[PDB]
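Below is one structure, written out as structure tokens, with a few remarks after it.
Using ideal geometry, Cβ is built from the backbone for each residue, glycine included, and neighbour counts are taken over all protein chains shown. The numbers here are math on the coordinates, done by the rules we state, and not lab data.
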Amino acid sequence: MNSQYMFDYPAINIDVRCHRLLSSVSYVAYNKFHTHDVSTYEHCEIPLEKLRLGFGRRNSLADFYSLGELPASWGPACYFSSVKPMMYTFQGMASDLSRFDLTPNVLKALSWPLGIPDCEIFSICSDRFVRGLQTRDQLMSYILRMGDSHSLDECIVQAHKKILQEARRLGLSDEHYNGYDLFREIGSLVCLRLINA
Amino acid sequence: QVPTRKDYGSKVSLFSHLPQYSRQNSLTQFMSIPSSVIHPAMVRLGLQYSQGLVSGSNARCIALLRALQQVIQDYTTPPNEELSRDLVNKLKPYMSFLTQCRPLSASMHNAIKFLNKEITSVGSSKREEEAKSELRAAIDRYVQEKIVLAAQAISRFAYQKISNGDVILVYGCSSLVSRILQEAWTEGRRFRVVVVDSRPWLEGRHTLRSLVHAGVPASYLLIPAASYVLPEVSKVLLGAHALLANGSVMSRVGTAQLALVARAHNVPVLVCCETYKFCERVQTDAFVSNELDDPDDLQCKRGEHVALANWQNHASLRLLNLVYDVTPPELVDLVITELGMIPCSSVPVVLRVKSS
Amino acid sequence: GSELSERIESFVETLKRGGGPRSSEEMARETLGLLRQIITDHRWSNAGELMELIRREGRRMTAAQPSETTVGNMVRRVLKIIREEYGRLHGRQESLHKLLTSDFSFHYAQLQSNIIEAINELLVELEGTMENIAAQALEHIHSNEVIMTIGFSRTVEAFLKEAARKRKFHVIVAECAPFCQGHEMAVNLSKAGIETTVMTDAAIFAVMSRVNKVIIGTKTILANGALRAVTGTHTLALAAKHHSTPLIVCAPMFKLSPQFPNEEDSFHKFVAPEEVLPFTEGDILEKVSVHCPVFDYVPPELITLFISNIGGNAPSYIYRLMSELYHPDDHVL
Amino acid sequence: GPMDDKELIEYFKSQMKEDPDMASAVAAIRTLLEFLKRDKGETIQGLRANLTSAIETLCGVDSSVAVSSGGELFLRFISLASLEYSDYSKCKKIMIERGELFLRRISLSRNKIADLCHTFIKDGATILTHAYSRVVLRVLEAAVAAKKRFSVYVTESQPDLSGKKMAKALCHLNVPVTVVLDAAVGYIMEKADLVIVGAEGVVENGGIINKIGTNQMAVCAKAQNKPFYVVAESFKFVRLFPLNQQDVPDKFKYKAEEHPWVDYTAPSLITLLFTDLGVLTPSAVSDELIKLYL
């Protein structure tokens, strides 16, 4: 099956002492057919060990994992996206505080989604940041650390679920958060929480 | 040395070239205690082989490989000798004794060939403990790759061929078939299973229990009534003891008959088998190569009288207990292996790519 | 030079006039020896000249007697050996893999020695073919079996003689009319203690219901698994298929020909009508058409198993063996 | 990104319309390679995902088995090329070169099939065909050029009368041809000497996916001991294993009362297959597919 070939494999290392810190995923050469299907997001290969491959052009990412499936490829990196493309606010603001480091209410507001204050999403959403082969490890590690699972696909599903939960809490509409760019959603939510308090 | 097991009863003329033993008559009664000419692990393994304490082909292969690991662990090299030759020459009588206890299965033969190739490949300059550890690791890796990952891949492949609301007919006991059905039910497929069983082993009951413990609806019947149930059957799924170079399926007796009756009812036939059970030999019928079990197992108590009791009193009476049969490749629609979905005619091709 | 030319002319005339080497193995050995002498004596610089010379000689021998496929098979085997040696000494099949993932003028001094040693190894393997085939007799014959044969096949005779050393069975031999060579097979098998029956081909169907399996030889094996056998073998195969009786072809690997059954009107060998209708019939011979085909075409679907020096195989795998022996560019020759 | 869905569909349709002789699979492979030419990507993962989406939308344009076969073959070609070169620039150059060579090789498969298949046609033979097929037309042209005389029967193919088009194309080169109903397959089988058909897709076990009326003709030829030959190109080798007619994917049956457009023919009903690889038994297709995928 052509959909099972893997150029690189994500090796996950999880430390028991703290899941939100030092838990990482590296990428190693595979160059062979994997046992399961593969999903592509921002040049990142996710094995579909717990979810199944899906097809179509559904509007939201939730429309896929609500059926226990994941799209073959979605996000800005792909020319034609299974999810409906959309834009999020406060991207320029995120690029602005990309220079700001981790150094009261602001810390509690920015503690999301890890629960421990962090400012990596600002560097993620910065305009100087470019997506390629060198940024797979850090982005996938952030996704892994945000969720609580040993599988990347489950971590992505949980990340989108918590994004939707925070959007419900803050009163934003569901249709404006579909999962096209998870990290842009995280940055927009963090910026909204920061400006709120 | 090791004495020769005595044949029991009178054999059919067409099957006079095959051995036929008695379950009660063991060989270790003529062997020393403690065992000296035969390693104790091999003695115990042959004892459970002859008594039928382990029966499945995968189970027999796993037990043989564990006993071989124990023998290699307990082995020591003799002065002025080489590991590669001495180990094989020492293992040969153990395999002869095991064959005397019960004829070796195809998976057992393939495992023996693999282990002999691995032992012959051990370098002379290699240290004894390093060589033993490498052999044990090779045996463990062989078990892992050829059984567990192969079964997982076969189940993943067979999930795509199982749909909601279909009827799957299974025969006897096969770990691969039960595993496939269990994962298919687990992932969310909804179906029912029809279990076919035959005397005197009645191994199918085993599978039935597994299905009952998995929540899968199941039905039970004997092989002669199979033609009654195939009209409602959507597909037939069969395990295989071996796949031969001509594409024929060597399996438990009654498999070829079930395939023929399914063909008469226009239902697809799928055979699941790991690639390590593929054999280079060919066989056109069940007469040239087969196993003769204990004829006394055919005796059944129907009412208050056993008609086959003291059957050896009648000079012309013979009791035939065939173990295996051969299904021609034209009676099998699909073969499921860890390599993918292939036809029977592709069996030699796999044999070409696995060897080199 | 002159001696090689005389040998080639004698071989061609013997093929044209019939007779010569009765055994197929003997004919293969003579063809290999002739090709080796051609390679040694004739002058060539690079692989291309040698291949063209071998192609011309093989074309001549094949045109001498098209029904003798062993000579052409040997020529193509030698050509494939030359190609393999040149590729091994110079560089480092058509498939989807080759299609997706993307010159014999060079001269080498040691190429000739490699070709000669490969030919010698091929001859050595050829010498032990019959024993290799016969060593598998016990795996296919059980006690008190009934075997049916047609004509006189030396490979089948060796098979049955080896099997009879340890098992008792019955053999039925059909006399391949008009040249009733089955009588020689029957008397030879009876001399070895095997119980044998002599019958005509007209009874092949009648007794087929009491036959356990059929073991036959062949003259040629086609690329699709079809057989060029003695006449009457198609009827025997049809009768065996009617009763689902397994049919075993004991044929060495050197009888495989990469040709296909597309060729017509040259497949069967037509001989003088005297074998079928004697000249003493008289006037009625003026207005009667008499045809005596020697060979018959057997479709691959009527064959159960092929037993060769490399083991047992299904007909559906024959192509792969044909891919391992001959280059696709040498089929036309 | 570059060349969105509209441009891809336009290029595919333009390639199909400009050269009506070119098959759908060849046009799809050309569109995929010309997409590969201008991608402006830096990673092989995004390239693979973009090519997969392009194949998805192309199969959305045309519901034929051959388009999907070409898409899978192109994906395997990309994976094989990536396996040898790690750097993306060198890999892309090698992919472009190998794709040009692949297009050149697949553009002349029809002539090879004709030259290898016309020998099986005898003088005075009666050829039975099912529907319109460029490969069958080419093999009959090659047989005619060999100064051979034969007659051809063709069914009308009721859904779309491509049999009439085949009959006119055969009359163009002065070939005695006859048009029969789709219900006259069994009636006329006894008069035909051999049957030659095309195939939209060759499945793993050696069977074929073809026009809706192929299975009837194959079964009728089997019932009367008539040879059944299939001419098909290499790029139509699909890794599909249907068990019956219902097991064929629905994306190929419809949109191309109950009116399926294709059917499956088992390998046991096929005598030989004529491909650019040569004359093969149905068992060789599975070997080829196994060798391709490691």
(request) Once you have all Cα-Cα distances for region B:154-356, histogram them in 5 Å bins from zero and send the whole-percent values. (result) 1, 7, 15, 18, 19, 15, 11, 7, 4, 2, 1, 0, 0
(message) Ignoring solvent entirely, what values of log10 I(q)/I(0) come out of the Debye formula for region D:5-112 at 0.17, 0.20 Å⁻¹ when each Cα is a single scatterer?
(response) -0.77, -1.06
(request) For the protein assembly as shown, count the residues as N, evaluate 2.2 N^0.38 Å, and divide the Cα radius of gyration by that value, please. (result) 1.06
(request) Tabulate in residue order the Karplus-calculated ³J(HN,Hα) for region D:234-251, using 6.51 cos²θ - 1.76 cosθ + 1.60 with θ = phi - 60°, rounded to whole Hz; enter x for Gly and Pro. (result) 5, 5, 9, 7, 9, 8, 10, 10, x, 9, 8, 5, 5, 6, 5, x, 6, 5
(message) Could you give each residue of region C:138-155 its phi-based ³J(HN,Hα) in whole Hz, using Karplus coefficients 6.51, -1.76, 1.60 with θ = phi - 60°, and x for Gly or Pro?
(response) 5, 6, 10, 10, 9, 6, 6, 7, 10, 10, 10, 9, 10, x, 10, 10, 5, 5
(request) For region D:267-274, just list the computed ³J(HN,Hα) in residue order, Karplus coefficients 6.51, -1.76 and 1.60, θ = phi - 60°, integers in Hz, with x standing in for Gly and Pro. (result) x, 5, 9, 10, 7, 9, 10, 10
(request) Determine one quarter of the surface area of the Cα convex hull of region D:107-187, which equals its mean projected area, and express it in nm² to one decimal. (result) 5.5 nm²
(request) Name the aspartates and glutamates eligible as straight-distance cross-link partners of D:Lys122: C-alpha to C-alpha under 16 Å, and not fewer than 8 places from it in the same chain. (result) C:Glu263, C:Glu264, C:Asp265, D:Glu141, D:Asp193
(message) With 10 angstrom as the radius, rank D:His118, C:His140 by how many other C-beta atoms surround their C-beta, starting from the fewest.
(response) D:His118, C:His140
(request) Pull up all non-local amide H partners of A:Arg52: gap of 5 or more, or a different chain, and H-to-H distance under 5 Å with H placed in the peptide plane. (result) A:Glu69, A:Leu70
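Quick one: order B:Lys117, B:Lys235 by neighbouring beta-carbon count within 10 Å, fewest to most. All intermediate terms of the calculation are to be shown ahead of the outcome.
Values: B:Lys117 9, B:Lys235 21.
Sorted ascending by nearby Cβ count, the order is B:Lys117, B:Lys235.
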(request) Using all C-alpha to C-alpha distances in chain B, build P(r) with 10 Å bins and read off the rounded percent in each one. (result) 5, 22, 30, 25, 14, 4, 0
(request) Please work out the C-alpha center-to-center distance from region A:92-171 to region B:123-148 and express it in whole Å. (result) 47 Å
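On a 20 Å Cα-Cα criterion, which of the cross-link pairs D:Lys168/D:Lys253; C:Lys166/C:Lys213; D:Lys112/D:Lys251 come out too long? Intermediate results must be reported in sequence, preceding the final value.
Working: D:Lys168/D:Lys253 27 Å; C:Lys166/C:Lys213 18 Å; D:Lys112/D:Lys251 31 Å.
Violating the 20 Å limit, Cα to Cα: D:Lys168/D:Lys253; D:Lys112/D:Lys251.
Can you give the average number of partner chain beta-carbon atoms within 10 Å of each beta-carbon in peptide A:38-44, as a whole number? Can you show the working numbers first?
Working: counts 3, 1, 8, 2, 3, 9, 2.
Mean partner shielding for this stretch: 4.
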(message) Checking the cross-link filter: which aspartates and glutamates have an alpha carbon closer than 14 Å to that of C:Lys269, excluding same-chain neighbours under 8 positions apart?
(response) C:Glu68, C:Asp296
(message) Based on alpha-carbon centroids, what's the gap between region C:154-226 and region B:175-244 in Å, whole number please?
(response) 45 Å
(message) Can you give me the long-range amide H partners of A:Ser39? Hydrogens built in the peptide plane at 1.01 Å from N, cutoff under 5 Å, separation of 5 or more residues or another chain.
(response) A:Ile46, A:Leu48
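Rounded to the nearest 500, what is chain B's calculated 222 nm mean residue ellipticity when only DSSP H runs of at least 4 contribute -39500 (n - 2.57) each, over all residues?
Details: 11 runs with 136 residues, N = 356.
Mean residue ellipticity, 222 nm, calculated: -12000 deg cm²/dmol.
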(request) Given a cut-off of 25 Å, name the pairs among B:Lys235/C:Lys241; A:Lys84/D:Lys37; D:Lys164/D:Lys211; B:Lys113/C:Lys255; C:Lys16/D:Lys148 whose C-alpha atoms lie farther apart than that in the structure shown. (result) B:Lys235/C:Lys241; A:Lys84/D:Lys37; B:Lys113/C:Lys255; C:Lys16/D:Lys148
(message) Ignoring everything except DSSP H segments at least 4 long, calculate the 222 nm mean residue ellipticity for chain A; use -39,500 (n - 2.57) per segment, divide by total residues, nearest 500.
(response) -10000 deg cm²/dmol
(message) Starting from a Cα-only point model with no solvent, please compute log10 I(q)/I(0) by Debye for region B:1-153 at q = 0.17, 0.19 1/Å.
(response) -1.04, -1.22
(message) With just the Cα atoms defining each centre, how far is region B:315-356 from region D:92-159? Give it in Å.
(response) 38 Å
(request) Using only the C-alpha atoms of region D:113-293, find the volume of their convex hull and express it per residue in Å³. (result) 110 Å³
(request) Identify which of B:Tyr220, B:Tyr49, B:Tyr324 has the largest mean-square fluctuation in a Gaussian network model of chain B, with springs joining Cα atoms closer than 10 Å. (result) B:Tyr220
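For chain C, what is the mean residue ellipticity at 222 nm derived from helices alone (per DSSP H run of n ≥ 4: -39500 (n - 2.57); sum divided by total residues; nearest 500 deg cm²/dmol)? Display every interim value, and only then the final one.
Numbers: 12 runs with 145 residues, N = 333.
Value at 222 nm, helices only: -13500 deg cm²/dmol.
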(request) Mind giving me the nanometre distance, one decimal, between the label points for C:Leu123 and C:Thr280, set 7 Å out from Cα along Cα→Cβ? (result) 4.8 nm
(message) Can you tell me which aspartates and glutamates have their Cα less than 16 Å from the Cα of C:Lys168? Leave out same-chain residues fewer than eight positions away.
(response) C:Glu139, C:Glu145, C:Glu157, C:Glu195
(message) I need the Kirkwood Rh of chain A: take the reciprocal of the average 1/r across all distinct C-alpha pairs and report it in angstrom.
(response) 17.3 Å
(request) Please give the peptides D:204-214, D:99-109, C:16-26 ranked by average Cβ packing (other Cβ atoms within 10 Å per residue), highest first, as a rough proxy for protection. (result) D:204-214, D:99-109, C:16-26
(message) For B:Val271, what residues show an amide H to amide H distance below 5 Å, using hydrogens built from the backbone and excluding near sequence neighbours?
(response) B:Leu238, B:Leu334, B:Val335, B:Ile336
